[PDB]
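What follows is a set of notes on a single structure, which appears directly below.
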Amino acid sequence: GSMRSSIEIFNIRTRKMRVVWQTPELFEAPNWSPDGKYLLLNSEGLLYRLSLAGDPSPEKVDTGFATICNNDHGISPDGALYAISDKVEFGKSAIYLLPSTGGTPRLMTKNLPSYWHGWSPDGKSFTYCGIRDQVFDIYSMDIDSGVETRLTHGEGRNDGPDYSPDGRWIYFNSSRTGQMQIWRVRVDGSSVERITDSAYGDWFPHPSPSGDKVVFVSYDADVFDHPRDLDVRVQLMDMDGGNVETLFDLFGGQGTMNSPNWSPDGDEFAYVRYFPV
């Protein structure tokens, strides 16, 4: 079988890349463990750990009944929990938490579909895209109480939320201006503001844990939604949207970086490059 996915890391300080693992399988959306030691990927509804030292061969995570996981998942700051978005139970995406060492998923969201997208720096809350009667909004939930908080209110479609490391902002994208652009909303909901103003559809914002940079993908403007297998750009900019640059061109899009992908040191991020079928 020819290669289909290349799990890779790019260091934004030295501007060097490395190939962790290539496979003829379709692997997607890496997270990076808070201890620095492994990547968490999904493939064909299952979750896998790939060690960054020694054997990078994917090791399957026991997600119990949750065997139709999608690309929206993450790891808690203390490293003890995984959050997954799975459709076994209700036929549409629902968010669960489980131990990072595997086990039985605990349902978080009763209102569906909901797509997990970022863990709060203090670990107490998470943020997600919730679709409610075809209204795409940013929500957050307090893990201990189960209380759902709506942060956007149907101004365009709003997707892909992830926290700034100071915990004051959630960055996301919104179609409110005509194409997907990066926006940010305060965690209390109280203000929102535009971060990119580009000729592209800008998707998957991830603020670096080091608090200086945001990485994201830019599709061509004539693209609708966030498909697989297109010629895209992996971009980087300052927190305030200044100094936008193209780090590299890439064949991909969907799967490349859906979920929070930074090393805990904030100097490197994980991503998947694809090869045409």
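Identifiers for the structure tokens are assigned positionally: chains receive A, B, ... in sequence, residues are indexed from 1 per chain, and ligands are indexed from 1 in the order shown.
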Rows by chain and residue number, segment 218-261 of chain A within 12 Å of segment 125-132 of chain A, shortest pair, only C-alpha atoms, as CSV:
residue,atom,partner,partner_atom,distance
A:258,CA,A:128,CA,12.0
A:259,CA,A:128,CA,10.7
A:260,CA,A:127,CA,11.5
Could you pull the residues within 10 Å of residue 109 of chain A, counting only C-alpha atoms, minus those fewer than 2 positions along the same chain, as a compact mmCIF listing (two decimals) with N, CA and C atoms, in the first residue's frame?
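Written file, part.txt:
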# COMPACT_ATOMS: atom_id res chain seq x y z
N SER A 85 -15.24 12.75 20.91
CA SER A 85 -16.52 13.07 20.37
C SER A 85 -16.93 11.82 19.56
N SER A 93 -22.59 13.18 16.88
CA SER A 93 -21.46 13.44 17.78
C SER A 93 -21.89 13.87 19.18
N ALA A 94 -21.39 13.16 20.19
CA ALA A 94 -21.58 13.49 21.59
C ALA A 94 -20.22 13.46 22.29
N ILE A 95 -20.02 14.37 23.23
CA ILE A 95 -18.73 14.56 23.88
C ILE A 95 -18.67 13.67 25.13
N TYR A 96 -17.55 12.99 25.33
CA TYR A 96 -17.34 12.18 26.55
C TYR A 96 -15.95 12.48 27.11
N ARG A 106 -17.54 8.86 29.90
CA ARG A 106 -18.57 9.53 30.67
C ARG A 106 -19.20 10.63 29.81
N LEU A 107 -20.51 10.54 29.53
CA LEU A 107 -21.20 11.53 28.66
C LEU A 107 -21.23 12.91 29.28
N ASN A 111 -27.07 17.68 24.66
CA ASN A 111 -27.60 18.40 23.49
C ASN A 111 -26.65 18.21 22.32
N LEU A 112 -27.19 17.68 21.22
CA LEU A 112 -26.37 17.13 20.13
C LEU A 112 -26.72 17.75 18.79
N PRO A 113 -25.79 17.67 17.81
CA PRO A 113 -24.44 17.18 18.02
C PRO A 113 -23.50 18.23 18.64
N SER A 114 -22.50 17.74 19.37
CA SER A 114 -21.47 18.58 19.96
C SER A 114 -20.05 18.03 19.67
N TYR A 115 -19.14 18.93 19.28
CA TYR A 115 -17.79 18.55 18.80
C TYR A 115 -16.71 19.14 19.71
N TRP A 116 -16.02 18.28 20.47
CA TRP A 116 -15.02 18.73 21.44
C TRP A 116 -13.82 19.45 20.78
N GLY A 130 -21.30 23.36 19.10
CA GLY A 130 -22.58 22.72 19.24
C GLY A 130 -23.47 23.13 18.10
N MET A 141 -18.42 24.17 28.78
CA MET A 141 -19.07 23.44 29.85
C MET A 141 -18.14 23.37 31.02
N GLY A 146 -21.68 20.22 34.86
CA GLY A 146 -22.39 19.82 33.66
C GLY A 146 -23.11 20.96 32.96
N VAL A 147 -22.95 22.19 33.46
CA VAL A 147 -23.69 23.34 32.91
C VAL A 147 -23.12 23.83 31.59
N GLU A 148 -24.00 23.94 30.59
CA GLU A 148 -23.62 24.38 29.26
C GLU A 148 -23.82 25.90 29.11
- [ ] Please provide as a VMD selection string all residues within 12 Å of residue 200 of chain A, with the sequence filter that same-chain residues fewer than 5 positions apart are discarded (counting only C-alpha atoms).
- [x] chain A and resid 173 175 177 to 182 216 to 226 232 to 235
Task: 10 Å contact set for residue 67 of chain A, only C-alpha atoms, chain neighbours under 3 positions out, as a PyMOL selection string - done: chain A and resi 44-47+62-64+70+86-88
TODO: Output as a PyMOL selection string all residues of segment 2-97 of chain A that backbone DSSP marks as strand (DSSP E or B).
DONE: chain A and resi 5-11+16-23+28-32+38-43+46-51+59-60+69+74-75+81-86+94-97
Serialized selection, C-alpha atoms, as a CSV table (one decimal), in the first residue's frame:
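See result_0.csv below for the written result:
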chain,number,residue,atom,x,y,z
A,5,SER,CA,-0.8,9.8,6.1
A,6,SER,CA,2.5,11.3,7.3
A,7,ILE,CA,2.3,12.3,11.0
A,8,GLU,CA,4.8,15.2,11.3
A,9,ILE,CA,6.1,17.9,13.7
A,10,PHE,CA,7.2,21.4,12.9
A,11,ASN,CA,9.3,23.5,15.2
A,16,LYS,CA,12.6,22.4,11.1
A,17,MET,CA,10.2,19.6,10.4
A,18,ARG,CA,10.4,15.9,11.3
A,19,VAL,CA,8.4,12.8,10.2
A,20,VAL,CA,7.2,10.7,13.1
A,21,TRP,CA,5.3,8.0,11.2
A,22,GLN,CA,3.9,7.3,7.7
A,23,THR,CA,1.1,4.9,7.0
A,28,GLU,CA,-6.0,12.3,11.8
A,29,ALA,CA,-5.9,15.3,14.1
A,30,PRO,CA,-3.0,14.8,16.5
A,31,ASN,CA,-2.9,16.0,20.1
A,32,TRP,CA,0.4,16.2,22.0
A,38,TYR,CA,3.2,10.9,22.8
A,39,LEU,CA,0.8,12.0,20.2
A,40,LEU,CA,-2.9,11.1,20.3
A,41,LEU,CA,-4.5,10.5,16.9
A,42,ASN,CA,-7.7,9.0,15.6
A,43,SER,CA,-8.2,6.6,12.7
A,46,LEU,CA,-10.6,4.6,17.1
A,47,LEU,CA,-8.0,6.5,19.2
A,48,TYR,CA,-4.3,5.7,19.2
A,49,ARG,CA,-1.2,6.8,21.1
A,50,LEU,CA,2.1,7.2,19.1
A,51,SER,CA,5.2,7.4,21.2
A,59,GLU,CA,-1.1,1.8,20.3
A,60,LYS,CA,-5.0,1.5,20.4
A,69,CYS,CA,-14.8,8.7,17.4
A,74,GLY,CA,-8.0,16.3,23.4
A,75,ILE,CA,-6.0,15.7,26.6
A,81,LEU,CA,-8.2,12.5,31.0
A,82,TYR,CA,-9.1,12.3,27.3
A,83,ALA,CA,-12.1,14.0,25.8
A,84,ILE,CA,-13.6,12.4,22.7
A,85,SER,CA,-16.5,13.1,20.4
A,86,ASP,CA,-18.3,9.8,19.5
A,94,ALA,CA,-21.6,13.5,21.6
A,95,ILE,CA,-18.7,14.6,23.9
A,96,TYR,CA,-17.3,12.2,26.5
A,97,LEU,CA,-14.4,12.2,29.0
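With only C-alpha atoms as the atoms that count, the minimum distance from residue 104 of chain A to the choices A:239, A:61, A:26, A:3 is reached by A:61.
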Open item on the list: If we count only C-alpha atoms and set the cut-off at 9 Å, which residues sit around residue 165 of chain A, ignoring sequence neighbours fewer than 3 positions away in its own chain? Please answer as number ranges by chain.
Closed with: A: 120-121, 168-169, 207-211
Open item on the list: Between atom CA of residue 170 of chain A and atom CA of residue 98 of chain A, what is the distance in Å, rounded to a tenth?
Closed with: 23.3 Å
Open item on the list: Under the rule that only C-alpha atoms are counted, which of A:123, A:24, A:255, A:56 is the nearest residue to residue 2 of chain A?
Closed with: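 The shortest atom-to-atom distance to residue 2 of chain A comes from A:24.
Counting from atom CA of residue 37 of chain A, the distance to atom CA of residue 53 of chain A is 7.1 Å.
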Using only C-alpha atoms, determine which residues lie at most 8 Å from residue 229 of chain A, disregarding the query and same-chain residues fewer than 4 positions distant; provide the list as a compact mmCIF listing (two decimals) with C-alpha atoms, in the first residue's frame.
# COMPACT_ATOMS: atom_id res chain seq x y z
CA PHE A 251 -1.84 18.52 0.87
CA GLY A 252 -4.63 17.97 3.36
CA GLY A 253 -7.13 20.11 5.25
CA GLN A 254 -9.53 17.88 7.15
CA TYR A 274 -1.62 13.54 3.27
CA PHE A 275 -0.80 12.02 -0.12
CA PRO A 276 -3.36 11.76 -2.94
- [ ] Measuring atom to atom with only C-alpha atoms, identify which of A:167, A:189, A:58, A:105 is nearest to residue 151 of chain A.
- [x]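 Closest candidate: A:189.
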TODO: Record the distance separating atom CA of residue 153 of chain A and atom CA of residue 206 of chain A, expressed in Å with one decimal.
DONE: 21.8 Å
Task: Counting only C-alpha atoms, the option among A:183, A:27, A:204, A:163 closest to residue 236 of chain A - done: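 For residue 236 of chain A, the nearest of the given residues is A:204.
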TODO: Give the answer as one residue: which of A:257, A:133, A:212, A:228 has the shortest atom-to-atom distance to residue 13 of chain A, using only C-alpha atoms?
DONE: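 Once distances to residue 13 of chain A are computed over only C-alpha atoms, the minimum belongs to A:212.
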